[PDB]
Ligand SMILES: *[C@@H]1O[C@H](CO)[C@@H](O[C@@H]2O[C@H](CO)[C@@H](O)[C@H](O)[C@H]2NC(C)=O)[C@H](O)[C@H]1NC(C)=O
Ligand SMILES: *[C@@H]1O[C@H](CO)[C@@H](O[C@@H]2O[C@H](CO)[C@@H](O)[C@H](O)[C@H]2NC(C)=O)[C@H](O)[C@H]1NC(C)=O
Ligand SMILES: *[C@@H]1O[C@H](CO)[C@@H](O)[C@H](O)[C@H]1NC(C)=O
Ligand SMILES: *[C@@H]1O[C@H](CO)[C@@H](O)[C@H](O)[C@H]1NC(C)=O
Ligand SMILES: *[C@@H]1O[C@H](CO)[C@@H](O)[C@H](O)[C@H]1NC(C)=O
Ligand SMILES: *[C@@H]1O[C@H](CO)[C@@H](O)[C@H](O)[C@H]1NC(C)=O
Ligand SMILES: *[C@@H]1O[C@H](CO)[C@@H](O)[C@H](O)[C@H]1NC(C)=O
Ligand SMILES: *[C@@H]1O[C@H](CO)[C@@H](O)[C@H](O)[C@H]1NC(C)=O
Ligand SMILES: *[C@@H]1O[C@H](CO)[C@@H](O)[C@H](O)[C@H]1NC(C)=O
Ligand SMILES: *[C@@H]1O[C@H](CO)[C@@H](O)[C@H](O)[C@H]1NC(C)=O
Ligand SMILES: *[C@@H]1O[C@H](CO)[C@@H](O)[C@H](O)[C@H]1NC(C)=O
Ligand SMILES: *[C@@H]1O[C@H](CO)[C@@H](O)[C@H](O)[C@H]1NC(C)=O
Ligand SMILES: *[C@@H]1O[C@H](CO)[C@@H](O)[C@H](O)[C@H]1NC(C)=O
């Protein structure tokens, strides 16, 4: 009954990774555990259709 | 430095009348001082233009 | 001196004195009350940070800002009531009295806007007091002769 | 090692009954070495020297409770007030015995004036019981005076808070005038015929004399007053058939004082449980050393919960007065006070007597003009 | 029975018993523990307000409602967290095994919608506590030989203190109980294509 | 006469003197100047002081000028409090400010710290108005110090009957306690008796 | 080995027997199965009971099933408290609830009711977890009733460290105390030892 | 409103209908009636409804 | 209703220089285009429509 | 972001059906109209447009 992280964050916190130079979306909870730099890209959310 | 009632409510609370049968706008402060019945008309506010 | 007496024996125009307790256990004469008006020496409220022994205070946060209309709207207080309407926040502005001297006063005004709402919601969440006033030297700031 | 108890009293029989209560208090209250001494001061014609004799004879005696039991004074002001202020100088509870006025029952002017007789505000409780039982809701408040009248109207609003009702008309004014007829005739032309009246004795006589001028002796009238309004010339001027109130054992003096002193002595033995013995010092010579258990022993006056008494179940409420007092309900059957009801607790028990009303039938007059 | 052990030597699935102290001043077995989960005999949690003799007060309110899709959305518990989400409030439903049996259990569920926010803002302002529960008797109310069904019967027989949920008002309902001031214009309506 | 101690009932004694000697008597200082409830109609006693209503007006003017709006109201059963609460309620009724008021926290007796403690823990606001006697004020402020209700955001504005003599400042008072009185040391007693004469 | 008394160290004595005789030993109930902290690889001893971590897991499951999301942790200086606090903090860090958790308030010595009073007045929440011995739990509950922290809205959940004998229930225990213990009377002693065999 | 495609259409806009209103059901003589009524009419007077 | 809602304070600045005593005077003024909007209940306005 | 907001909970119980590993598989699934819409950032979808 234990919380963990996976993916790039799961490899970051486990010491397998030390810097994520990748399109990571900054939100609240991911900033609650690790530190974030200032964002290099500003955008939002939208919907793709045909 | 005293607030009193005027108009139809100032005439009612002075004892000049016995019951208001009129288009009375039901709101908070009128219910704080006098009793109510159930409303016979149900509508809100809007804007008249030309 | 209008030393008239009421029907229940009270001075109509007495001399009220409003006092605070200093750090050295004395009552300091601060505010005299007039006929109708209230003469207050301290427009800015003095903090008196150590009300007792065990008081570390880290929440009287001094905040300065600039009049920029889409985020900061600074308006006069209503002279009929002398009360900022509750969607706004209080503020003060250092206004110079004369051109000859650098002495001025602190006129209290009202502030609304977007960053004002941000500050109010920070006070909702982080639960800290805030001391809001305005800047008079420069608007944004620029390093001039290595002086910010 | 002793407890001195002082009082303001004249008669030798009640002093003997006081010493008899002193003797009875040392019987069943344990084997502790506490003793009791009696001091009672008598009449003086000058009212300042009354409290002067009280202060120099009881502060030097270090008394713990002060009781005044003087109805028959020719001065109708009824002022033990400087004695109560002298007891309030070191926060001593003044145990009243006679008066019931709201200006004396007020906790503001009289900080520690508690008693086992209910004030005139609890006549509104009897009036509220009459409105509950006999299903009456159209009332008019008429108080000629203003000292007790504001507290009486406050108590009336407090008791009408439960029904969430309001009086149709309230009248407070200056007595002594004869032309009060305009407000009374306009209250006649209203739709309330249950009229509530409570004032001074001569003021009751004045408004009863004004009731004869205005044809207020007809039918539909519901009158119910206190005990002051049915005595003196107000008794002669009242319309016959009027319903009145009376305190059971009200003018009873020996057993009332005996039960009060029993409450005093057993309250002292309650205070001896949790020790904290504080004593009012001799304030007559330059002393302002205040008595620490002033409110706390007043707490003993607030928590004096008993059930033994000739008057009845003596117990102090949040107002410091008698809980659920014993009442008689009288009828003035043709200038004759006829008892037409008793009262226990919160309930009126009407007896098997006849209730003749000042108007029509013998049952309840529900003279309501139905709007 | 899997009474297995760990490296710390404790039992993997031991036998846990959750007892209380009732008003009878003795221990009473209430909660039992399964192999992984908890089971409660009293899923309805009462006050147990008489801790001692000095408690005259009253702030809880027994409140019944009824399922209406634009007003009272009733959902299951969230299986990800085993917790109602923050706008939803807990409730219960008296669900039986089938129609032939007569005994049922009060399964805890979640509620949101229109009247839920009304009740929460009332509990903000009037400053009381509340116990939300549905009704399994049926619809709003219908007099069946001087017996009301659903919510109205629970108010008349006083097992429900108040019905804050969505409820139509007509003459006989205004006769048998008392209502509040209105808050939404809800007459009748006819639907076609 | 002006008293030096903190016994208001002395003036009440003087009030009875004003009911009996028919002499206009001026209460000047200390317990002789403390405000009682209702002066008698036969009395000619007059005090050099303000009303409780004017002093409440001054305190609410302070709260309006310094923008402290969300407050509470705590009184004991020391009387004169019902009219004080009524004046505060009518002031809220006569307010263009839009004041916020936590409900009245009363006290049953001299506190056992059993039932009044839960009543005090209902408060989590900034400014509290306290109205009781001076020793009871010391006890309630010691309780609030034990409850931690004497912090930086926790202000206390008290009337003159709480303050009393300016020559005596007792213990358990926060360095920053806000009081409103009229015992001005600059406004001399000689000027008081000269204006009275 | 089974037991019906409250002498836990006998089982620890069996643990010493388990340190020397190299024999697997089972403890049924009473003092034979009261929880010791850390076993030994030199030992083969076992109890029939639930650890304080698993009991804390059950208690947090109970607190989760009523949505009582706000609590305060109160322990004495009785040992095992550090592992208790650390397990509760690691469980809250692995919890989907988002517990609005008031901090942990402990004691230091035998209480003068002077500083411990200030420590207990910090709680204005409802649910309180209490881990302490039975000799001091009566003192804590009597002080909380004396401070009004045993109110109708408040709650108290304790482990089996206080809830021992069924008969010994003093007056200070509030009617509404929830405890957790592995004394299942639905399972007999013979069924337990048959399961052990 | 949740009709997928605006297919099912209502009749009128509240003209020829019964015109009643939802309320809050309380027991007869309950003391909470006036307080709930004042709280609801306060909740109307800010646009929160 | 607009004085309680503080976010509607700005319109509260306007009508204090512009309000009338009867709605018939408002209908007569908006007929001559002296008004440009009129916050009012729907029954009277739809009847005049 | 859609698990937090309480007014988007129902869609969160629908979008948990077809959770995809990569965005390329999302482009492939909308490419044959196996989907009907997709939630993604701005500049990535502008580049794909
Ligand atoms: C108080 O009232 C009682 C009656 O309730 C009276 O006591 C009577 O006292 C006389 C002696 O003076 C006895 O002979 C009677 O037996 C008592 N009354 C009865 C009926 O028992 C008296 O009016 C009051 N108390 C006193 C003694 O004055
Ligand atoms: C222990 O009880 C649980 C039910 O609470 C059972 O666990 C089942 O196991 C599957 C395995 O994938 C899980 O998906 C579920 O948690 C359970 N099944 C259900 C209800 O979907 C388990 O069977 C029990 N142990 C034994 C031995 O029966
Ligand atoms: C009050 O006093 C000030 C200063 O003496 C004076 O300027 C002002 O006109 C006075 N206000 C009144 C009540 O007229
Ligand atoms: C300085 O004060 C004088 C006073 O008369 C005034 O005339 C002058 O305008 C002031 N200076 C400025 C620039 O405001
Ligand atoms: C007065 O103010 C003006 C700007 O309005 C400035 O140019 C001038 O320097 C000031 N007066 C002095 C100090 O000469
Ligand atoms: C006791 O009472 C008597 C009579 O009232 C009095 O003379 C005496 O002074 C009192 N005090 C003593 C000495 O106990
Ligand atoms: C006023 O009182 C006098 C004396 O009773 C009486 O003669 C007179 O008629 C009264 N006036 C009115 C208004 O009836
Ligand atoms: C009272 O009644 C008598 C007899 O009917 C009548 O003469 C008198 O005018 C009445 N008084 C008034 C004014 O009601
Ligand atoms: C007596 O009262 C004092 C405070 O005045 C208090 O310190 C003491 O504990 C009390 N004694 C007892 C417990 O009876
Ligand atoms: C009041 O009423 C009863 C009625 O019999 C009477 O005997 C007694 O004196 C009183 N008892 C109480 C309850 O006070
Ligand atoms: C009056 O007497 C009855 C006994 O007949 C008793 O229960 C109570 O004290 C009184 N009635 C009530 C309920 O007030
Ligand atoms: C009761 O009958 C209903 C009819 O729809 C059925 O759906 C249900 O399964 C039955 N009872 C239960 C709760 O199983
Ligand atoms: C209950 O009813 C269902 C059908 O609704 C049926 O399949 C089932 O066997 C019944 N009993 C049980 C075992 O749930």
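One-based numbering along the chain as shown.
Each residue, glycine too, has its Cβ placed from N, Cα and C.
Features of the protein shown, as given by Swiss-Prot:
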- D:37: N-linked glycosylation site (CARBOHYD)
- D:55-D:284: disulfide bond (DISULFID)
- D:179: N-linked glycosylation site (CARBOHYD)
- D:215: N-linked glycosylation site (CARBOHYD)
- D:252: N-linked glycosylation site (CARBOHYD)
- D:276: N-linked glycosylation site (CARBOHYD)
- D:326: N-linked glycosylation site (CARBOHYD)
- D:344: N-linked glycosylation site (CARBOHYD)
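Feature annotations (Swiss-Prot) mapped to structure.
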{"residue": "D:37", "record": "N-linked glycosylation site", "Cβ within 10 Å": "13"}
{"residue": "D:55", "record": "disulfide bond", "Cβ within 10 Å": "19"}
{"residue": "D:179", "record": "N-linked glycosylation site", "Cβ within 10 Å": "8"}
{"residue": "D:215", "record": "N-linked glycosylation site", "Cβ within 10 Å": "9"}
{"residue": "D:252", "record": "N-linked glycosylation site", "Cβ within 10 Å": "13"}
{"residue": "D:276", "record": "N-linked glycosylation site", "Cβ within 10 Å": "10"}
{"residue": "D:284", "record": "disulfide bond", "Cβ within 10 Å": "10"}
{"residue": "D:326", "record": "N-linked glycosylation site", "Cβ within 10 Å": "19"}
{"residue": "D:344", "record": "N-linked glycosylation site", "Cβ within 10 Å": "14"}
Restricting the comparison to the recorded positions D:179, D:284, D:344, which residue's C-alpha is spatially nearest the C-alpha of residue D:215 (N-linked glycosylation site)? D:179
Reduced DSSP state (H/G/I helix, E/B strand, rest coil) at residue D:55 (disulfide bond) is helix
Just give me the nearest neighbour of residue D:326 (N-linked glycosylation site) among the recorded positions D:179, D:252, D:276, D:284, D:344, Cα to Cα. D:344
Residue D:252 (N-linked glycosylation site) and residue D:55 (disulfide bond), Cα-Cα, nearest whole angstrom: 28
Name the recorded positions, out of D:37, D:55, D:179, D:215, D:276, D:284, that lie close to chain C, meaning a Cβ-Cβ distance under 8 Å, keeping sequence order and answering 'none' if none do. none
For residue D:284 (disulfide bond) and residue D:37 (N-linked glycosylation site), determine the Cα separation and express it in whole Å. 20
Entries of D:55, D:179, D:215 (recorded positions) sitting next to ligand 8, with Cβ under 6 Å as the cut-off: D:215
DSSP state at residue D:344 (N-linked glycosylation site), helix/strand/coil: strand
Secondary structure at residue D:37 (N-linked glycosylation site), reduced by DSSP to three states: strand
Filter the candidate list D:37, D:179, D:276, D:326, D:344 of glycosylation sites, keeping only entries whose CB is under 6 Å from an atom of ligand 11. D:344
Sort the glycosylation sites D:252, D:276, D:344 by C-alpha distance from residue D:37 (N-linked glycosylation site) and give me just the closest. D:276
Hits among D:55, D:179, D:215, D:252, D:276, D:284, i.e. recorded positions with CB under 6 Å from ligand 6, come out as none
In angstrom units, rounded to an integer, how far apart are the Cα atoms of residue D:276 (N-linked glycosylation site) and residue D:252 (N-linked glycosylation site)? 36
Cα-Cα, whole number of Å: residue D:252 (N-linked glycosylation site) versus residue D:344 (N-linked glycosylation site)? 18
Could you state the whole-number distance in Å separating the C-alpha atoms of residue D:344 (N-linked glycosylation site) and residue D:179 (N-linked glycosylation site)? 41
Candidates D:37, D:55, D:179, D:344 (recorded positions) with CB under 6 Å from ligand 10, in sequence order, are D:344
Please check each of the recorded positions D:37, D:55, D:252, D:276 and report the ones with a CB atom less than 6 Å from an atom of ligand 1, ordered along the sequence. D:252
